[PDB]
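Colleague: Structure: structure-v1.pdb, PDB, C-alpha atoms.
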```
ATOM      1  CA  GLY K   1      69.488  48.201  70.823  1.00  0.00           C
ATOM      2  CA  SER K   2      67.027  45.707  72.432  1.00  0.00           C
ATOM      3  CA  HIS K   3      68.108  42.101  73.555  1.00  0.00           C
ATOM      4  CA  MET K   4      65.437  42.307  76.141  1.00  0.00           C
ATOM      5  CA  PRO K   5      67.022  45.241  76.455  1.00  0.00           C
ATOM      6  CA  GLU K   6      67.872  44.234  80.112  1.00  0.00           C
ATOM      7  CA  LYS K   7      70.637  41.956  78.704  1.00  0.00           C
ATOM      8  CA  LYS K   8      72.412  44.702  76.734  1.00  0.00           C
ATOM      9  CA  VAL K   9      72.163  47.289  79.540  1.00  0.00           C
ATOM     10  CA  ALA K  10      73.348  44.808  82.236  1.00  0.00           C
ATOM     11  CA  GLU K  11      76.326  43.431  80.207  1.00  0.00           C
ATOM     12  CA  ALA K  12      77.363  46.959  79.087  1.00  0.00           C
ATOM     13  CA  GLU K  13      77.037  48.218  82.730  1.00  0.00           C
ATOM     14  CA  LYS K  14      79.770  45.739  83.762  1.00  0.00           C
ATOM     15  CA  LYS K  15      81.956  47.467  81.161  1.00  0.00           C
ATOM     16  CA  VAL K  16      80.881  51.021  82.254  1.00  0.00           C
ATOM     17  CA  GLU K  17      82.066  49.993  85.783  1.00  0.00           C
ATOM     18  CA  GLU K  18      85.627  49.235  84.509  1.00  0.00           C
ATOM     19  CA  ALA K  19      85.354  52.578  82.603  1.00  0.00           C
ATOM     20  CA  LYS K  20      84.358  54.338  85.915  1.00  0.00           C
ATOM     21  CA  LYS K  21      87.153  52.474  87.843  1.00  0.00           C
ATOM     22  CA  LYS K  22      89.802  53.821  85.392  1.00  0.00           C
ATOM     23  CA  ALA K  23      88.404  57.374  85.689  1.00  0.00           C
ATOM     24  CA  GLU K  24      88.830  56.878  89.492  1.00  0.00           C
ATOM     25  CA  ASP K  25      92.523  56.071  88.686  1.00  0.00           C
ATOM     26  CA  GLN K  26      92.740  59.622  87.249  1.00  0.00           C
ATOM     27  CA  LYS K  27      90.888  60.834  90.373  1.00  0.00           C
ATOM     28  CA  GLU K  28      93.805  59.292  92.284  1.00  0.00           C
ATOM     29  CA  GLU K  29      95.734  61.979  90.350  1.00  0.00           C
ATOM     30  CA  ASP K  30      93.140  64.728  91.451  1.00  0.00           C
ATOM     31  CA  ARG K  31      93.871  63.776  95.139  1.00  0.00           C
ATOM     32  CA  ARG K  32      97.683  63.038  94.960  1.00  0.00           C
ATOM     33  CA  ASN K  33      98.372  65.985  92.677  1.00  0.00           C
ATOM     34  CA  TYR K  34      96.533  68.382  95.111  1.00  0.00           C
ATOM     35  CA  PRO K  35      99.693  68.114  97.262  1.00  0.00           C
ATOM     36  CA  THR K  36     101.201  69.752  94.167  1.00  0.00           C
ATOM     37  CA  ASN K  37      97.983  71.435  92.810  1.00  0.00           C
ATOM     38  CA  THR K  38      98.341  70.383  89.258  1.00  0.00           C
ATOM     39  CA  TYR K  39      95.374  68.068  90.268  1.00  0.00           C
ATOM     40  CA  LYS K  40      92.826  69.329  87.606  1.00  0.00           C
ATOM     41  CA  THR K  41      94.218  66.892  85.114  1.00  0.00           C
ATOM     42  CA  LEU K  42      92.091  67.266  81.968  1.00  0.00           C
ATOM     43  CA  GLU K  43      93.046  63.638  80.992  1.00  0.00           C
ATOM     44  CA  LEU K  44      90.659  62.643  83.863  1.00  0.00           C
ATOM     45  CA  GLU K  45      87.794  64.939  82.786  1.00  0.00           C
ATOM     46  CA  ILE K  46      88.176  63.949  79.060  1.00  0.00           C
ATOM     47  CA  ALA K  47      87.886  60.242  79.942  1.00  0.00           C
ATOM     48  CA  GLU K  48      85.153  60.824  82.589  1.00  0.00           C
ATOM     49  CA  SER K  49      83.029  62.969  80.183  1.00  0.00           C
ATOM     50  CA  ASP K  50      83.266  60.407  77.287  1.00  0.00           C
ATOM     51  CA  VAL K  51      82.678  57.486  79.793  1.00  0.00           C
ATOM     52  CA  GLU K  52      79.513  59.228  81.064  1.00  0.00           C
ATOM     53  CA  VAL K  53      78.290  59.525  77.408  1.00  0.00           C
ATOM     54  CA  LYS K  54      78.759  55.721  77.353  1.00  0.00           C
ATOM     55  CA  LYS K  55      76.792  55.406  80.587  1.00  0.00           C
ATOM     56  CA  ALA K  56      74.104  57.657  78.968  1.00  0.00           C
ATOM     57  CA  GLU K  57      73.905  55.364  75.875  1.00  0.00           C
ATOM     58  CA  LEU K  58      73.196  52.371  78.198  1.00  0.00           C
ATOM     59  CA  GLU K  59      70.371  54.462  79.763  1.00  0.00           C
ATOM     60  CA  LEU K  60      68.849  55.033  76.289  1.00  0.00           C
ATOM     61  CA  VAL K  61      69.183  51.294  75.359  1.00  0.00           C
ATOM     62  CA  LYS K  62      66.452  50.970  78.062  1.00  0.00           C
ATOM     63  CA  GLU K  63      64.348  53.937  76.858  1.00  0.00           C
ATOM     64  CA  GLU K  64      64.148  52.546  73.334  1.00  0.00           C
ATOM     65  CA  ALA K  65      63.184  48.889  73.925  1.00  0.00           C
ATOM     66  CA  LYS K  66      61.525  48.756  77.447  1.00  0.00           C
ATOM     67  CA  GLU K  67      59.303  51.141  76.023  1.00  0.00           C
ATOM     68  CA  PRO K  68      57.046  52.369  73.441  1.00  0.00           C
ATOM     69  CA  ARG K  69      59.552  52.095  70.733  1.00  0.00           C
ATOM     70  CA  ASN K  70      59.183  55.649  69.972  1.00  0.00           C
ATOM     71  CA  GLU K  71      62.499  55.186  68.158  1.00  0.00           C
ATOM     72  CA  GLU K  72      62.872  58.997  67.769  1.00  0.00           C
ATOM     73  CA  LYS K  73      63.642  59.438  71.532  1.00  0.00           C
ATOM     74  CA  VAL K  74      66.847  57.297  71.658  1.00  0.00           C
ATOM     75  CA  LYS K  75      67.978  59.145  68.439  1.00  0.00           C
ATOM     76  CA  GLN K  76      67.230  62.608  69.889  1.00  0.00           C
ATOM     77  CA  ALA K  77      69.177  61.646  73.002  1.00  0.00           C
ATOM     78  CA  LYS K  78      72.159  60.399  70.914  1.00  0.00           C
ATOM     79  CA  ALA K  79      72.480  63.908  69.372  1.00  0.00           C
ATOM     80  CA  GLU K  80      72.395  65.395  72.938  1.00  0.00           C
ATOM     81  CA  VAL K  81      75.113  63.032  74.299  1.00  0.00           C
ATOM     82  CA  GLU K  82      77.077  63.636  71.030  1.00  0.00           C
ATOM     83  CA  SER K  83      77.271  67.309  72.210  1.00  0.00           C
ATOM     84  CA  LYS K  84      78.681  65.968  75.541  1.00  0.00           C
ATOM     85  CA  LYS K  85      81.184  63.834  73.533  1.00  0.00           C
ATOM     86  CA  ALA K  86      82.162  67.089  71.751  1.00  0.00           C
ATOM     87  CA  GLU K  87      82.720  68.622  75.265  1.00  0.00           C
ATOM     88  CA  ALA K  88      84.927  65.630  76.313  1.00  0.00           C
ATOM     89  CA  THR K  89      86.834  66.100  72.999  1.00  0.00           C
ATOM     90  CA  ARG K  90      87.091  69.942  73.570  1.00  0.00           C
ATOM     91  CA  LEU K  91      88.958  69.127  76.828  1.00  0.00           C
ATOM     92  CA  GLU K  92      91.289  67.043  74.577  1.00  0.00           C
ATOM     93  CA  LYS K  93      92.122  70.457  73.024  1.00  0.00           C
ATOM     94  CA  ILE K  94      92.764  71.930  76.544  1.00  0.00           C
ATOM     95  CA  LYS K  95      95.323  69.186  77.510  1.00  0.00           C
ATOM     96  CA  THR K  96      97.142  69.937  74.191  1.00  0.00           C
ATOM     97  CA  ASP K  97      96.914  73.749  74.724  1.00  0.00           C
ATOM     98  CA  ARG K  98      98.200  73.217  78.312  1.00  0.00           C
ATOM     99  CA  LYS K  99     101.134  71.043  77.018  1.00  0.00           C
ATOM    100  CA  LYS K 100     102.404  73.761  74.568  1.00  0.00           C
ATOM    101  CA  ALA K 101     101.780  76.570  77.151  1.00  0.00           C
ATOM    102  CA  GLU K 102     103.679  74.900  80.099  1.00  0.00           C
ATOM    103  CA  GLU K 103     106.690  74.134  77.780  1.00  0.00           C
ATOM    104  CA  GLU K 104     108.640  76.969  79.562  1.00  0.00           C
ATOM    105  CA  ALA K 105     111.832  75.876  77.669  1.00  0.00           C
ATOM    106  CA  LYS K 106     112.091  72.567  79.661  1.00  0.00           C
ATOM    107  CA  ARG K 107     114.432  71.417  76.808  1.00  0.00           C
ATOM    108  CA  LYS K 108     117.330  73.669  77.935  1.00  0.00           C
ATOM    109  CA  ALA K 109     119.643  71.420  75.756  1.00  0.00           C
ATOM    110  CA  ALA K 110     121.614  70.896  79.042  1.00  0.00           C
ATOM    111  CA  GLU K 111     119.037  68.899  81.159  1.00  0.00           C
ATOM    112  CA  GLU K 112     121.521  65.877  81.110  1.00  0.00           C
ATOM    113  CA  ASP K 113     118.360  63.679  80.635  1.00  0.00           C
ATOM    114  CA  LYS K 114     119.015  64.051  76.834  1.00  0.00           C
ATOM    115  CA  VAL K 115     121.707  61.275  77.215  1.00  0.00           C
ATOM    116  CA  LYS K 116     118.950  58.621  76.598  1.00  0.00           C
ATOM    117  CA  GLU K 117     118.307  60.208  73.121  1.00  0.00           C
ATOM    118  CA  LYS K 118     121.884  61.449  72.287  1.00  0.00           C
ATOM    119  CA  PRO K 119     124.503  59.174  74.042  1.00  0.00           C
TER     120      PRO K 119
END
```
Show me, as structure tokens, the structure contained in the file I just sent.
Modeller:
Amino acid sequence: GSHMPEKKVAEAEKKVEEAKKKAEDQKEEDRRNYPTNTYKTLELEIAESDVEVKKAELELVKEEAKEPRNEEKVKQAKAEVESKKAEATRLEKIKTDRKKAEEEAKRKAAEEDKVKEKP
């Protein structure tokens, strides 16, 4: 990392704020889809978990180069947030497992909506 590191953490924080803003767009789901209570939309929690690993990398860009440059501690912490990336990616399995489970024969072959595919 480094750069001062203040430079790298500040410029990447501006990015992590757009990342947070888009996860709040999927929160808009988890407050509009409460009405319906399908709300718990793993697409949100996937993005939010991986985005908070990205956040956590910016925190370690400080704790390398502010700092005693005990280079082992950023690297340790990368392996810990890599486990949290694996958790974000394990929710990516849950949205897929949901998708195949909630396919309650939606494709009745008589939905009429098929006209866009088979005119």
Colleague: Can you work out which one of K:80, K:103, K:43, K:57 has the shortest atom-to-atom distance to residue K:12, counting all atoms listed in the file?
Modeller: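 Closest residue, counting all atoms listed in the file: K:57.
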Colleague: Apply the PyMOL selection byres ((chain K and resi 37-42) around 12) to the structure shown and report the selected residues as number ranges by chain.
Modeller: K: 23, 25-36, 43-49, 87-99, 102
Colleague: Between atom CA of residue K:64 and atom CA of residue K:14, what is the spacing in Å?
Modeller: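 About the pair atom CA of residue K:14 and atom CA of residue K:64: they are 20.0 Å apart.
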Colleague: Taking into account all atoms listed in the file, which residue in the set K:109, K:4, K:50, K:118 is nearest to residue K:83?
Modeller: K:50
Colleague: Would you list the residues near (83.1, 53.4, 83.3) (no more than 10 Å away, in the coordinates of the file, using only C-alpha atoms) as a short mmCIF file (atom, residue, chain, number, x, y, z; two decimals) with C-alpha atoms, in the frame of the given file?
Modeller:
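So part.cif came out as:
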```cif
data_model
loop_
_atom_site.label_atom_id
_atom_site.label_comp_id
_atom_site.auth_asym_id
_atom_site.auth_seq_id
_atom_site.Cartn_x
_atom_site.Cartn_y
_atom_site.Cartn_z
CA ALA K 12 77.36 46.96 79.09
CA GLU K 13 77.04 48.22 82.73
CA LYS K 14 79.77 45.74 83.76
CA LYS K 15 81.96 47.47 81.16
CA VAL K 16 80.88 51.02 82.25
CA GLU K 17 82.07 49.99 85.78
CA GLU K 18 85.63 49.24 84.51
CA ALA K 19 85.35 52.58 82.60
CA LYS K 20 84.36 54.34 85.92
CA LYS K 21 87.15 52.47 87.84
CA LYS K 22 89.80 53.82 85.39
CA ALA K 23 88.40 57.37 85.69
CA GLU K 24 88.83 56.88 89.49
CA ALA K 47 87.89 60.24 79.94
CA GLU K 48 85.15 60.82 82.59
CA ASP K 50 83.27 60.41 77.29
CA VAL K 51 82.68 57.49 79.79
CA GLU K 52 79.51 59.23 81.06
CA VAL K 53 78.29 59.52 77.41
CA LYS K 54 78.76 55.72 77.35
CA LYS K 55 76.79 55.41 80.59
#
```
Colleague: Can you work out the spacing between atom CA of residue K:69 and atom CA of residue K:85 in Å, to one decimal?
Modeller: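 Computing it gives 24.8 Å between the two atoms.
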Colleague: The residues within 10 Å of (60.4, 47.2, 82.0), using only C-alpha atoms and the coordinates of the file, should be reported as a list in words; which are they?
Modeller: residues 4, 5, 6, 62, 63, 65, 66 and 67 of chain K
Colleague: To one decimal place, how far is atom CA of residue K:78 from atom CA of residue K:2 in Å?
Modeller: 15.6 Å
Colleague: Would you fill out stretch 70-94 of chain K with N, CA and C atoms and return it as a PDB file, keeping the file's coordinate frame?
Modeller:
```
ATOM      1  N   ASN K  70      59.074  54.338  70.535  1.00  0.00           N
ATOM      2  CA  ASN K  70      59.183  55.649  69.972  1.00  0.00           C
ATOM      3  C   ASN K  70      60.669  55.914  69.722  1.00  0.00           C
ATOM      4  N   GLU K  71      61.150  55.223  68.700  1.00  0.00           N
ATOM      5  CA  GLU K  71      62.499  55.186  68.158  1.00  0.00           C
ATOM      6  C   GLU K  71      63.163  56.566  68.012  1.00  0.00           C
ATOM      7  N   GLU K  72      62.377  57.626  67.836  1.00  0.00           N
ATOM      8  CA  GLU K  72      62.872  58.997  67.769  1.00  0.00           C
ATOM      9  C   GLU K  72      63.554  59.447  69.071  1.00  0.00           C
ATOM     10  N   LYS K  73      63.163  58.912  70.242  1.00  0.00           N
ATOM     11  CA  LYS K  73      63.642  59.438  71.532  1.00  0.00           C
ATOM     12  C   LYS K  73      65.065  58.997  71.888  1.00  0.00           C
ATOM     13  N   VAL K  74      65.436  57.744  71.607  1.00  0.00           N
ATOM     14  CA  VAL K  74      66.847  57.297  71.658  1.00  0.00           C
ATOM     15  C   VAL K  74      67.722  58.129  70.703  1.00  0.00           C
ATOM     16  N   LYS K  75      67.247  58.389  69.475  1.00  0.00           N
ATOM     17  CA  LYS K  75      67.978  59.145  68.439  1.00  0.00           C
ATOM     18  C   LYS K  75      68.185  60.618  68.778  1.00  0.00           C
ATOM     19  N   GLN K  76      67.138  61.289  69.257  1.00  0.00           N
ATOM     20  CA  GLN K  76      67.230  62.608  69.889  1.00  0.00           C
ATOM     21  C   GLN K  76      68.332  62.625  70.946  1.00  0.00           C
ATOM     22  N   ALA K  77      68.292  61.650  71.851  1.00  0.00           N
ATOM     23  CA  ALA K  77      69.177  61.646  73.002  1.00  0.00           C
ATOM     24  C   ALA K  77      70.623  61.377  72.576  1.00  0.00           C
ATOM     25  N   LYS K  78      70.835  60.592  71.509  1.00  0.00           N
ATOM     26  CA  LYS K  78      72.159  60.399  70.914  1.00  0.00           C
ATOM     27  C   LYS K  78      72.780  61.712  70.448  1.00  0.00           C
ATOM     28  N   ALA K  79      72.021  62.572  69.769  1.00  0.00           N
ATOM     29  CA  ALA K  79      72.480  63.908  69.372  1.00  0.00           C
ATOM     30  C   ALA K  79      72.818  64.817  70.577  1.00  0.00           C
ATOM     31  N   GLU K  80      72.127  64.642  71.707  1.00  0.00           N
ATOM     32  CA  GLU K  80      72.395  65.395  72.938  1.00  0.00           C
ATOM     33  C   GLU K  80      73.681  64.898  73.607  1.00  0.00           C
ATOM     34  N   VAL K  81      73.877  63.578  73.736  1.00  0.00           N
ATOM     35  CA  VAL K  81      75.113  63.032  74.299  1.00  0.00           C
ATOM     36  C   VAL K  81      76.300  63.140  73.335  1.00  0.00           C
ATOM     37  N   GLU K  82      76.065  63.244  72.024  1.00  0.00           N
ATOM     38  CA  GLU K  82      77.077  63.636  71.030  1.00  0.00           C
ATOM     39  C   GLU K  82      77.611  65.060  71.279  1.00  0.00           C
ATOM     40  N   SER K  83      76.788  65.984  71.795  1.00  0.00           N
ATOM     41  CA  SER K  83      77.271  67.309  72.210  1.00  0.00           C
ATOM     42  C   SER K  83      78.175  67.183  73.440  1.00  0.00           C
ATOM     43  N   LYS K  84      77.853  66.263  74.358  1.00  0.00           N
ATOM     44  CA  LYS K  84      78.681  65.968  75.541  1.00  0.00           C
ATOM     45  C   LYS K  84      79.977  65.218  75.206  1.00  0.00           C
ATOM     46  N   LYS K  85      79.973  64.367  74.176  1.00  0.00           N
ATOM     47  CA  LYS K  85      81.184  63.834  73.533  1.00  0.00           C
ATOM     48  C   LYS K  85      82.046  64.952  72.946  1.00  0.00           C
ATOM     49  N   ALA K  86      81.444  65.918  72.248  1.00  0.00           N
ATOM     50  CA  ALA K  86      82.162  67.089  71.751  1.00  0.00           C
ATOM     51  C   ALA K  86      82.784  67.897  72.904  1.00  0.00           C
ATOM     52  N   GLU K  87      82.131  67.994  74.068  1.00  0.00           N
ATOM     53  CA  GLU K  87      82.720  68.622  75.265  1.00  0.00           C
ATOM     54  C   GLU K  87      83.915  67.835  75.825  1.00  0.00           C
ATOM     55  N   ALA K  88      83.802  66.509  75.967  1.00  0.00           N
ATOM     56  CA  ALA K  88      84.927  65.630  76.313  1.00  0.00           C
ATOM     57  C   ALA K  88      86.123  65.827  75.364  1.00  0.00           C
ATOM     58  N   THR K  89      85.841  65.886  74.066  1.00  0.00           N
ATOM     59  CA  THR K  89      86.834  66.100  72.999  1.00  0.00           C
ATOM     60  C   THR K  89      87.383  67.542  72.951  1.00  0.00           C
ATOM     61  N   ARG K  90      86.610  68.560  73.354  1.00  0.00           N
ATOM     62  CA  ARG K  90      87.091  69.942  73.570  1.00  0.00           C
ATOM     63  C   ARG K  90      88.054  70.054  74.755  1.00  0.00           C
ATOM     64  N   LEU K  91      87.902  69.248  75.807  1.00  0.00           N
ATOM     65  CA  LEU K  91      88.958  69.127  76.828  1.00  0.00           C
ATOM     66  C   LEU K  91      90.247  68.516  76.264  1.00  0.00           C
ATOM     67  N   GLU K  92      90.135  67.593  75.305  1.00  0.00           N
ATOM     68  CA  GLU K  92      91.289  67.043  74.577  1.00  0.00           C
ATOM     69  C   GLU K  92      92.111  68.145  73.888  1.00  0.00           C
ATOM     70  N   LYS K  93      91.446  69.241  73.497  1.00  0.00           N
ATOM     71  CA  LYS K  93      92.122  70.457  73.024  1.00  0.00           C
ATOM     72  C   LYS K  93      92.846  71.165  74.172  1.00  0.00           C
ATOM     73  N   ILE K  94      92.201  71.301  75.332  1.00  0.00           N
ATOM     74  CA  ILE K  94      92.764  71.930  76.544  1.00  0.00           C
ATOM     75  C   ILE K  94      93.999  71.210  77.084  1.00  0.00           C
TER      76      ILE K  94
END
```
